[PDB]
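In this note's numbering, the protein residues as written are 14 to 312. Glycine residues also receive a C-beta, built at the ideal position from the N, C-alpha and C atoms. Take a look at the structure below.
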Amino acid sequence: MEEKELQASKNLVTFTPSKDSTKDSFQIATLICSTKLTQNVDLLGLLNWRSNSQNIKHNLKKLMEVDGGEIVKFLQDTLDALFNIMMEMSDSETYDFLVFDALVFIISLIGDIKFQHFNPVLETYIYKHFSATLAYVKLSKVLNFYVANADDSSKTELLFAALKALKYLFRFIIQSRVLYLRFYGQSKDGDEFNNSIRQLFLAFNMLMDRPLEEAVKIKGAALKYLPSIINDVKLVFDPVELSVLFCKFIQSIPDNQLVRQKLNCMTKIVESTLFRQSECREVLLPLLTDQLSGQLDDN
Numbered sequence: 014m015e016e017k018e019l020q021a022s023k024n025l026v027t028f029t030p031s032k033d034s035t036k037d038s039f040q041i042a043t044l045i046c047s048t049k050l051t052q053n054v055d056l057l058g059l060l061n062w063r064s065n066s067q068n069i070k071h072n073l074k075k076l077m078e079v080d081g082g083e084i085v086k087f088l089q090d091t092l093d094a095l096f097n098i099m100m101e102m103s104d105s106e107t108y109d110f111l112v113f114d115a116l117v118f119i120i121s122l123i124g125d126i127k128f129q130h131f132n133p134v135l136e137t138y139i140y141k142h143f144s145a146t147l148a149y150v151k152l153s154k155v156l157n158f159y160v161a162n163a164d165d166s167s168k169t170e171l172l173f174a175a176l177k178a179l180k181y182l183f184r185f186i187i188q189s190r191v192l193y194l195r196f197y198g199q200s201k202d203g204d205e206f207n208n209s210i211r212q213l214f215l216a217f218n219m220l221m222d223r224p225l226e227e228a229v230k231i232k233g234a235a236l237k238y239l240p241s242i243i244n245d246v247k248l249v250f251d252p253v254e255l256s257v258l259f260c261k262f263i264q265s266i267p268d269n270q271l272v273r274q275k276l277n278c279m280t281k282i283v284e285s286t287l288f289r290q291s292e293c294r295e296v297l298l299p300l301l302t303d304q305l306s307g308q309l310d311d312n
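Structural data, given as structure tokens:
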């Protein structure tokens, strides 16, 4: 009623409530430990952005600060909402940035214990209900933009969080890619796609060449999470080229920094995709020897 008076204040349209709104009051606490009920303005705006084609900018801003418990109720539905949004409002690639940020928030949120069991749901989504075709193009686009623009402090933590999410980000990239491929039968531009891969990775290399102080944390985070993607790369790429990429990446490191970090990195590599051995073992190997032999005797 008070907010009615507020709208009645601006809209004096026969707004004279009866006094039977008397002095007496009551107080009630409402808790809802449900499984589908949801209380969030931003979330519902996401659910009728089709009728809120304006505040999508606004919502996007407000999304990353929404409670994850509310969100995980309809994570997949919101994923689809987002995907439709970015298919449709593909015009504002700035909105695509906001999308990128929000979805990073999503998956990072998922990384917490509270939500871990929902990981299958995500892939239950991914392989079964993901329905975006050129999304991966925009994804690689935004990502390479970001890695290029690493000099920003305000994008620095964003890059960090992205590094925290590489597996799933990459997997959605793959899914949009291959979705495009099949729904077009084949890939009229797979070349530039693998390029995008290469220049993205090159941007990583020049990060390694950048001052560590910017992202020492984040450069370690890189060497941590980068090898995660490689096994999905296998599905969509030449392992040999991937291999030489990661090699040159290793040289991209100045030789007195985060030793054990890079060690654990190459551990994560030899872990997997070394299995497709003969075309990758021989070429990854030498570098590993060179560094361990440096690691052998240095005092």
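Top-ranked residue by Cα proximity to residue i, from the options
i, options, result
"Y108", "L73, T91, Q308", "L73"
"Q89", "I187, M102, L135, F118", "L135"
"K261", "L176, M279, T286, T137", "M279"
"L56", "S105, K75, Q67", "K75"
"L297", "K281, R63, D204", "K281"
"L287", "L309, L271, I243, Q264", "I243"
Contact under 8 Å by Cβ, residue i with residue j
i, j, result
"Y238", "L305", "no"
"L213", "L172", "no"
"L236", "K177", "no"
"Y149", "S189", "yes"
"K168", "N162", "yes"
"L92", "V112", "no"
"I126", "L182", "no"
"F143", "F185", "yes"
"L248", "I210", "no"
"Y197", "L147", "no"
"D222", "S265", "yes"
"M102", "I69", "yes"
Below-8 Å beta-carbon distance, residue i vs any chain B residue
i, result
"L19", "Of the protein chains in this structure there is only one, and it is not chain B."
Buried versus exposed, by CB contacts within 10 Å (16 or more), residue i
i, result
"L122", "buried"
"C46", "exposed"
"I41", "exposed"
"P240", "buried"
"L44", "exposed"
"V253", "exposed"
"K151", "buried"
"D114", "buried"
Nearest-angstrom Cβ-Cβ length linking residue i and residue j, presumed shorter than 8 Å
i, j, result
"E83", "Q129", "No, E83 and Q129 are not in contact; Cβ-Cβ is about 18 Å, not under 8 Å."
- Complete runs of the alpha helix (DSSP H) confined to the segment 166 to 240 [at least 4 residues]: 166 to 176, 179 to 196, 203 to 222, 225 to 238
- Task: Entirely within the segment 103 to 133 and at least 4 residues each: give me those alpha helix (DSSP H) ranges in chain order.
- Result: 106 to 124
- Output the residue ranges of the alpha helix (DSSP H) runs that lie fully inside the segment 279 to 311 and measure 4 residues or longer, sorted by chain position. 294 to 309
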